[PDB]
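Reviewing the structure listed below.
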Amino acid sequence: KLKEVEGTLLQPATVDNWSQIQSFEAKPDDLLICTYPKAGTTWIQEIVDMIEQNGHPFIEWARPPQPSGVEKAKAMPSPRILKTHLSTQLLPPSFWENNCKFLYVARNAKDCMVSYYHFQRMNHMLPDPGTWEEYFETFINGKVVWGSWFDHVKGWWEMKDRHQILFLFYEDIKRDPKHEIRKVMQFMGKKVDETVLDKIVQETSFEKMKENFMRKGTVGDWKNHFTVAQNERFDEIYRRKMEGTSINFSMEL
Ligand SMILES: Nc1ncnc2c1ncn2[C@@H]1O[C@H](COP(=O)(O)O)[C@@H](OP(=O)(O)O)[C@H]1O
């Protein structure tokens, strides 16, 4: 079972808590970590946490009678670090009004499709994704929890021009983690200590975090999944959906 808000699939308890979620009061010093599912939430959260420490309430989460994500957030001392998978359309509007910091991480659509497929298989709280061939179409149509990859990324990319958004790419972090993590430290108003930065880079590698779903943690696993026929179909749909947007992704390391 899943419920919907404005046609976007969401966990039922989330939808039941929608009026509380939407009336959430943001604060100007909030830092909101925003990702489409599988674009790098676990990774970026670990990076932010290490930077804070140095060397988070899920706003839409609910599970009565336990405290909801917004109840937990309401009680958190500032500066609050929070997270969401909500699109710009569904985000509580107080975050826009308070000129909050947003840390957005994007990841290529093909690797997101693969990661989400395996996640739906291993996670009982997410629907059975069907065969790979079925899921391919499902994901392109956005019929997954938190909605379309395309709508998510386009919306957040558009907003970066008007709001305080540090817009990062998963593949850039994989390629040069020190370069990207330095940007997060600066965004968070931290004095960059090269020695602390170096520790964060080494401690947040896939290998370190995996030992302590962390599946493969690379770029380009999509090439192992997509047939050539699937790839040609995908590239055509992608061209149509992404037409006119200035965003570009890396597809391999
Ligand atoms: N330290 C790390 N470095 C690189 N990728 C990581 C990572 N920790 C988690 N990931 C990857 O990020 C994806 C999970 O994203 P989210 O946290 O948004 O659900 C998974 O991708 P794969 O399924 O491609 O391995 C996961 O393996």
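Each residue's number is its place along the chain shown, starting with 1.
According to its header, this structure was worked out by X-ray crystallography, 1.8 Å.
For all residues, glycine too, the Cβ spot is worked out from N, Cα and C.
Listed in Swiss-Prot:
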- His85: active site, proton acceptor (ACT_SITE)
- 38-43, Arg107, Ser115, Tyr170, 204-209, 213-217: 3'-phosphoadenylyl sulfate binding site (BINDING)
- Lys83, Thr84, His85: substrate binding site (BINDING)
- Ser115: phosphoserine (MOD_RES)
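Around the Cβ of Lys83 (substrate binding site), a 10 Å sphere holds 23 further Cβ atoms from the protein chains shown. The Cβ of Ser115 (phosphoserine) lies under 8 Å from the Cβ of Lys38, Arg107, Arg215, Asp221, each of these being in the same chain and 6 or more residues away along the sequence.
When the binding-site residues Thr41, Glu207, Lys216 are screened for a Cα within 10 A of the Cα of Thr84 (substrate binding site), the ones that qualify are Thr41. Cβ proximity to the substrate site centre (mean Cβ of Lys83, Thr84, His85, cutoff 8 Å) flags the following additional same-chain residues: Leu32, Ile33, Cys34, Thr35, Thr41, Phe58, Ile59, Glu60, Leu82, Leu86. Contact annotation for recorded positions (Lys38, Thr41, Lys83, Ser115, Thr204, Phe213) versus ligand 1: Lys38, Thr41, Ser115, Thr204, each with CB under 6 Å from a ligand atom. Of all the Cβ atoms in the protein chains shown, 24 others lie within 10 Å of the Cβ of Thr84 (substrate binding site).
Considering other CB atoms within 10 Å as the measure, the emptiest surroundings among the binding-site residues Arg107, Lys216 are those of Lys216. A sphere of 10 angstroms centred on the C-beta of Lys38 (3'-phosphoadenylyl sulfate binding site) encloses 25 other C-beta atoms.
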